[PDB]
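The residues of the chain are indexed from 1 along the displayed sequence. Reckoned from all heavy atoms, side chains included, excluding hydrogens, waters and symmetry mates.
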Amino acid sequence: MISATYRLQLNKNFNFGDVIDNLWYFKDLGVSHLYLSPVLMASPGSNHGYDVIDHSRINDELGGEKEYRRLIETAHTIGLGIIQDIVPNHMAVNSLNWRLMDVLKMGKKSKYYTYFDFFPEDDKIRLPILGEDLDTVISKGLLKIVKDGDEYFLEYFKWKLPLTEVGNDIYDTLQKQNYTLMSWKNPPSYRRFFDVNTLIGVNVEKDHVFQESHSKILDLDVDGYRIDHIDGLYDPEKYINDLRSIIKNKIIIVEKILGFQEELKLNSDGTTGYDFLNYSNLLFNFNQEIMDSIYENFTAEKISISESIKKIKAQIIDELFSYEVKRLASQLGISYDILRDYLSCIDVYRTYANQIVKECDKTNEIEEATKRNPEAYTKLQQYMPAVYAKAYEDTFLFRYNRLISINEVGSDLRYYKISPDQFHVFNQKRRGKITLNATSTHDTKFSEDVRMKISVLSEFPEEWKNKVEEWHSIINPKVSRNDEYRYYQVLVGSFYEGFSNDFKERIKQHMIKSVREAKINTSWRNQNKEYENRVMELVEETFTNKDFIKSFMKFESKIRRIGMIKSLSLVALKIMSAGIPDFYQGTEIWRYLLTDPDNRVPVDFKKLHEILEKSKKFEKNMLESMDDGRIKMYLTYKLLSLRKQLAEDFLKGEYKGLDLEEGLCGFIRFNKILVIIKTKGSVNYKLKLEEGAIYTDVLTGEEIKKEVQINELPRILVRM
């Protein structure tokens with residue numbers, strides 16, 4: 001809403017009271033709306049709040065409802081708005097989820113049976129939470145029947161499940177229950193969120209479920225809402241309408257991934273911005289042909305992106321979602337093979353309104369089966385996003401290693417770069433919409449600064465090629481050439497610090513997760529110890545080999561400065577474009593973060609206060625020593641100040657794209673602000689300005705006329 005959002009990760013160590021203490025900092029920075037993480041009661045010790053255990057309570061670990069209302073009123077007093085993240089799709093399978101425990105105790109007689117998406121054909125609820133199958137767990141004596149006064153209880157480590165009645169033996173007791181315990185390998189009797197057994201779907205499309213689940217959160221005076229995983233819902237449009245029947249015209253943005261040529265079909269204000277994140281990211285990549293050869297020659301293997309993605313999707317269905325897909329194929333009355341091929345073929349997260357993707361259904365079988373049983377297909381649409389996400393985001397993104405800065409959530413690896421002309425058109429479609437411009441989130445594989453530093457490798461392909469060969473000769477590792485190639489990129493991109501013990505730990509953990517997700521030489525479900533040991537040997541060697549360290553350090557320092565210049569361009573781009581700029585906590589300065597949990601570390605706000613205090617006025621020494629982050633803080637503060645002063649104009653105002661030479665991207669906003677940004681960090685450009693026209697550089701204060709040089713900073717020029 002209005003001019004700028006700021007994402008805050010709330011938890012036990014950064015609660016409602018801490019947010020309140022920093023409100024004046026957020027207002028002075030230029031932010032108009034705080035973008036808060038989920039606030040309803042989650043499982044104790046949760047760091048993200050997405051594992052909801054009670055819809056009727058504000059989380060007490062964060063400060064409770066009293067402190068939440070104080071936060072809202074105080075923010076409003078100083079003029080700040082609030083956009084709240086809410087989770088309507090699923091709840092946590094946890095002993096503290098009392099609504100769920102009621103179903104486990106009462107079965108189909110529980111009033112909450114219809115609250116969750118259980119498979120109707122199952123008389124007993126399969127609960128795949130055991131580390132081993134029932135028999136072995138019982139012989140080991142891990143299952144314990146506890147007699148209390150609240151009745152009887154079954155205990156499995158930290159699980160405490162209710163018993164309806166008891167016999168005189170574990171087996172006799174277990175056959176009298178409404179549920180059945182099985183190992184994690186077995187399919188559940190409910191829709192999960194992706195492949196997570198401990199997350200269960202909620203039937204929010206049913207009126208009484210919507211009302212109870214939203215009774216607390218809509219009772220609060222917030223300014224807008226961010227809807228988590230909108231694509232999991234049975235009827236996304238009805239849900240939005242139901243919200244508006246109560247909330248009226250408040251801001252509603254949804255978390256929804258779009259294809260490159262896909263248009264948002266929902267009745268929402270906008271999205272969290274992955275479309276902007278990837279469109280802008282592509283403006284910074286060069287020398288595709290050369291990067292292809294280097295990759296293909298080093299790893300020595302050529303693959304088709306399209307065919308690869310199609311086959312991984314088919315494997316993902318067979319290994320993770322076979323049961324769910326077989327159920328729906330049965331209800332549609334078609335072959336599992338036919339259904340699996342259709343799901344592996346579609347290029348969108350999901351379809352809406354039972355619309356079939358004809359190019360994947362050769363205009364026959366699936367469409368007619370859907371006309372007869374529309375219900376089964378509507379149900380299938382809820383699982384479509386899981387297939388896409390597990391195959392692409394969590395498998396393929398870790399395999400194709402030509403320039404990994406492109407391997408991000410919301411990406412399409414079939415695209416390597418995009419001309420400024422296509423970005424301009426994208427911005428035209430954006431005009432007037434209350435949608436976000438994101439560059440870093442709590443879910444992105446890397447932070448914006450990591451992506452910009454890695455993109456510099458495409459500007460120096462010959463030297464990069466030479467370094468990789470040099471490094472491989474010194475460090476002769478026993479990992480695949482593909483994993484080795486990716487490692488060098490991850491290392492160069494996140495380095496900023498030194499070969500410390502803390503950085504070594506972050507790297508090791510990231511690499512182990514990376515190879516397991518790739519699923520080529522090891523995996524989460526079946527770990528290859530031999531290979532993982534080799535991955536860890538690679539890390540120890542590069543962190544201790546003096547010849548490697550020497551070579552690496554000389555190359556990295558050159559790359560770092562150029563990467564910072566590109567980050568400044570990206571920051572100016574998201575604030576000056578149509579749409580609303582979003583900021584992940586702490587990105588006011590340089591932040592080189594890797595994949596979750598690395599990006600979930602706390603931010604030092606006191607330190608940020610002092611940097612802002614000495615960064616409200618431009619000094620040439622900011623360019624002299626960029627490492628301190630003052631230049632990034634100054635650019636953020638200044639542009640957000642201009643934006644707030646002209647908020648309406650930036651949101652609804654005109655956008656005019658300029659045709660510049662390769663390496664530059666330029667445009668004019670509402671016929672008053674000329675924006676020149678360089679996409680190629682290693683080159684300096686010069687541009688002749690219009691006859692007579694005088695301009696004022698908003699960042700440096702200089703008077704600009706006749707010609708302008710584009711060096712380390714983007715040029716934001718106000719016609720005078």
Side-chain angles (χ1 to χ4, degrees), residues 4-39 45-50 59 61-63 67 71 74-75 80 82-85 226 272-273 436 438-453 494 496-497 500 502-503 505-506 509-510 564 567 570-571 574-575 581-616 626-637 640:
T5 59
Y6 194 105
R7 219 302 140 137
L8 294 171
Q9 296 291 105
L10 297 169
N11 59 250
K12 187 177 178 62
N13 287 114
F14 191 74
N15 54 40
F16 299 143
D18 296 319
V19 175
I20 288 177
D21 286 341
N22 294 109
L23 289 171
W24 276 115
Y25 166 71
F26 300 130
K27 186 184 184 180
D28 195 36
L29 217 211
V31 174
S32 74
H33 291 253
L34 294 188
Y35 174 16
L36 315 176
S37 53
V39 295
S46 191
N47 242 243
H48 50 69
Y50 290 102
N59 197 329
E61 293 200 343
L62 309 182
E67 289 299 275
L71 207 194
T74 304
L80 296 182
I82 298 288
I83 298 180
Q84 184 64 241
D85 190 336
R226 177 263 198 200
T272 55
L436 304 302
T439 58
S440 288
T441 71
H442 47 113
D443 291 318
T444 50
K445 305 303 183 189
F446 305 112
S447 61
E448 65 210 39
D449 299 332
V450 166
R451 289 188 241 104
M452 290 296 98
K453 194 177 174 194
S494 55
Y496 178 84
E497 204 54 79
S500 59
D502 179 61
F503 182 55
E505 217 52 65
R506 295 174 58 219
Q509 303 311 120
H510 183 257
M564 292 181 168
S567 277
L570 183 62
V571 179
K574 75 171 175 183
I575 302 173
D582 174 60
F583 295 84
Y584 190 56
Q585 52 175 33
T587 49
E588 298 96 311
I589 58 173
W590 314 115
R591 284 202 87 195
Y592 300 85
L593 313 166
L594 300 168
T595 313
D596 160 45
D598 198 66
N599 63 4
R600 306 295 176 93
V601 296
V603 167
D604 193 326
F605 284 98
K606 303 308 171 185
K607 164 182 165 185
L608 291 171
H609 290 195
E610 48 181 297
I611 293 183
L612 176 58
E613 189 170 70
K614 69 176 67 165
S615 297
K616 294 182 199 179
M626 292 176 103
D627 268 357
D628 55 13
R630 289 160 55 223
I631 183 58
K632 197 185 187 197
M633 173 70 91
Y634 176 79
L635 186 143
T636 301
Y637 161 72
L640 281 179

When you measure from the side chain of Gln585 to the backbone of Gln9, do you find a donor-acceptor pair of N or O atoms at a distance under 3.5 Å?
yes
Sequence neighbours excluded, which residues qualify as side-chain contact (heavy atoms from CB on, under 4.5 Å) partners of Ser32?
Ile2, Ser3
With rounding to the nearest 0.5 angstrom, report the CD1 to CG distance, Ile589 to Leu612.
11.5 Å
Check: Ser494 main-chain N/O paired with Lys453 side-chain donor or acceptor under 3.5 Å
no
Would you check if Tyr35 and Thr272 make a side-chain contact, meaning some heavy-atom pair closer than 4.5 Å?
yes
Minimum heavy-atom distance between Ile82 and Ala75, given as atom pair plus value
CD1-CB, 4.2 Å
What is the distance from atom CD1 of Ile631 to atom CE of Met633, rounded to the nearest 0.5 Å?
12.0 Å
Is there a side-chain contact between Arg7 and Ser37 (heavy atoms, below 4.5 Å)?
yes
Is the distance between the ring centroids of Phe605 and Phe26 less than 6.0 Å?
yes
Quick one: does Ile611's side chain get under 4.5 Å of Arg630's, heavy atoms only?
yes
Taking the side chain from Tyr496 and the backbone from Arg591, do they hold a donor-acceptor pair closer than 3.5 Å?
no
Of the non-hydrogen atoms in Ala4 and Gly30, which two are nearest, and what is the gap between them?
CB-O, 4.4 Å
Mind checking what makes salt bridge (charged side-chain N to carboxylate O under 4.0 Å, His left out) contact with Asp18, not counting sequence neighbours?
none
Is there a side-chain contact between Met452 and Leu570, using heavy atoms and a 4.5 Å cut-off?
yes
Carboxylate-amine/guanidinium contact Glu448 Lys632, below 4.0 Å:
yes
Ignoring hydrogens, what is the shortest heavy-atom contact between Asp582 and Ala438? Give both atom names and the distance.
OD2-CB, 4.2 Å
Exam field: side chain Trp590 to backbone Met564, donor-acceptor pair closer than 3.5 Å:
no
Are any of the side-chain heavy atoms of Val450 and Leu593 separated by less than 4.5 Å?
no
pair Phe446-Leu594: side-chain heavy atoms closer than 4.5 Å:
yes
To the nearest 0.5 Å, what is the distance between CG (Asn11) and CG (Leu62)?
7.5 Å
Pairwise distance CH2(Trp24) to CG(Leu80) - rounded to 0.5 angstrom
8.5 Å
Backbone N/O of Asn599 and side chain of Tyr584: donor-acceptor pair under 3.5 Å:
yes
Distance check, rounded to the nearest 0.5 Å: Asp449 atom CG versus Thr439 atom OG1?
8.0 Å
Is there side-chain contact between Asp596 and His442, with heavy atoms separated by less than 4.5 Å?
no
With the side chain counted from C-beta on, respond yes when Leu29 and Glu588 share a heavy-atom pair under 4.5 Å apart, and no when they do not.
yes
d(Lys606 NZ, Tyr25 OH) to nearest 0.5 Å is 11.0 Å
